[PDB]
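Next up: a single chain in structure tokens, the form deposited in one PDB entry.
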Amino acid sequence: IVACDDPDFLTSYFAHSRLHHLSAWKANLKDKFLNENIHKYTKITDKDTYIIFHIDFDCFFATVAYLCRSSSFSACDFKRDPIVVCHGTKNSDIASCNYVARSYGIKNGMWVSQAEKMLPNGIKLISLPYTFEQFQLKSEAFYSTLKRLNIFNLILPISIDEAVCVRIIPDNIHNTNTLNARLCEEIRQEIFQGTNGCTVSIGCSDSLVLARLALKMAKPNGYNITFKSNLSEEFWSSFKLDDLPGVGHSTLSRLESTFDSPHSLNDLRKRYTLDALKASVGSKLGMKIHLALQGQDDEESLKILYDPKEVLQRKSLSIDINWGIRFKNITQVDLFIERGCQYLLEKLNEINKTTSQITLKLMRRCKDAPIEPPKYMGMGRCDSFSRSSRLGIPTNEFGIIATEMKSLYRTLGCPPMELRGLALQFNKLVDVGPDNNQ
């Protein structure tokens, strides 16, 4: 066991943290895209008419961890057992659950302790460990298969297990549902073969937003083709409000307050007005939802098609550590800040940039919150504080950056024993060119 004051803490935490893995895998996929396209264009233009195939592994970690499970789980049945992937036994996140588990109401992100209560007696939850390297290998097979099929003009990485794949249709060609279904079935079968048993679902449409909703309707282990010309009340009635991309729990709560608790996207689209929507959730998010309820993308979402190199380019670099943070004094806090800045500077030098602006953010135990929260080593209920600094000259120098980060910590006034989380951010990245003469 490795405590936060141990030099090996960051290495250990990132080795175990699935959320760190997701972030790192996504960042690597974006960098790979940029490196592979440095001399190519491969951007969608205004003259192109396109179809979106949104392809995503079903219950990704649960599927892979099952297929790669150790001999102690040899008898586990993926079709009949409720399966989760997690580290622990109580207040530990279910990173992924299979569709048997979801039949009982279990969802990704739930704690094991919450999920166990949803099972009737005699039904036992199977908890599989993470298989991080094999998650990545299955991802490799997925992205390799997509490219090998030679059916897409543009393949955009969304996640370790998910890609937006764009097919341009010439005016030349009469696209049909039958042709799209055959492509869906080819993709699904080739990925199933190429990954040695993992399944993907596919949403197929003429917008990014409808392709995402079609993907949800397709799952598990299926495909759905719903173009704007195919839209119906039956389609909209099939979705919850937070099935919309960009709508999470906070936005959902506002929509339910404003529109008398709609229970489907059909309820919402029959009740809303654009003006009332903007007043409830904000101008830009309101417009996004209004357009989505017509099956249409907003301008911000379309940028990934028309300028993927800009959208996928990294603009900031940070670490966040909000688990395991228990320091007794400022000396140990300062050493942790130094270790984090060393880690960040290794990443910054790998991309050959400097930074011009940095931020320290912290989580501090709320005055009335227990010192030991419900989740072992968790941050618990906290107040957040952050402060940024503009550096005089863009730099990659540890002495400058770590000294200023430690200064920023002091300005926020958090006693070491009350600290529950820390974020170190390089907010603005600056190119390094061949001319460095003053």
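Sequential numbering from 1, following the sequence displayed. Rigid core here is just the name for the largest C-alpha set that superposes within 1.5 Å across the two forms.
K.L.:
Comparing 259-267 with 208-216, which stretch shows the greater average C-alpha B-factor in the deposited entry?
P.N.:
259-267 has the higher mean C-alpha B-factor.
K.L.:
Is the mean CA B factor in the deposited entry higher across 219-227 or across 176-184?
P.N.:
Taking the mean B-factor of the alpha carbons in each, 176-184 is higher.
K.L.:
Between 243, 116, 334, 346, which one tops the list for Cα B-factor in this entry?
P.N.:
That would be 116, according to the entry.
K.L.:
Report the option among 318, 91, 98, 150 whose CA atom has the maximum B-factor in the deposited record.
P.N.:
Most elevated C-alpha B-factor of the set, per the entry: 150.
K.L.:
When the modelled residues of the chain are sorted by Cα temperature factor, does residue 397 land in the lowest, middle or highest third?
P.N.:
Tercile = middle for this residue's CA B-factor.
K.L.:
Using the temperature factors of the C-alpha atoms in this entry, rank residue 66 within its chain: lowest, middle or highest third.
P.N.:
For residue 66, whose C-alpha B-factor we compare with every modelled residue in the chain, the answer is the middle third.
K.L.:
Ordered by C-alpha B-factor within the chain, which third holds residue 371? Give me lowest, middle or highest, please.
P.N.:
For residue 371, whose C-alpha B-factor we compare with every modelled residue in the chain, the answer is the middle third.
K.L.:
For residue 191, return the chain-relative third of its C-alpha B-factor as stated in the PDB record: lowest, middle or highest.
P.N.:
Its C-alpha B-factor belongs to the middle third of this chain's values.
K.L.:
By the recorded C-alpha temperature factor, relative to the other modelled residues in its chain, which third is residue 56 in?
P.N.:
It belongs to the lowest third of the chain when residues are ordered by C-alpha B-factor.
Not pictured, yet referred to below: the form deposited in another entry.
K.L.:
Align on the core first; then indicate which of 158, 276, 173, 181 has a CA shift of 2 angstroms or more between the shown form and the other one.
P.N.:
The one that shifts is 173.
K.L.:
By 3 Å or more, the Cα spacing of residue 211 and residue 171 differs in the other form; is it closer or farther than in this view?
P.N.:
Distance between the C-alphas of residue 211 and residue 171: shorter in the other form, by 3 Å or more.
K.L.:
Relative to what is shown, are the Cα atoms of residue 175 and residue 298 closer or farther apart in the other form, where the gap shifts by 3 Å or more?
P.N.:
Their C-alpha distance grows by at least 3 Å in the other form.
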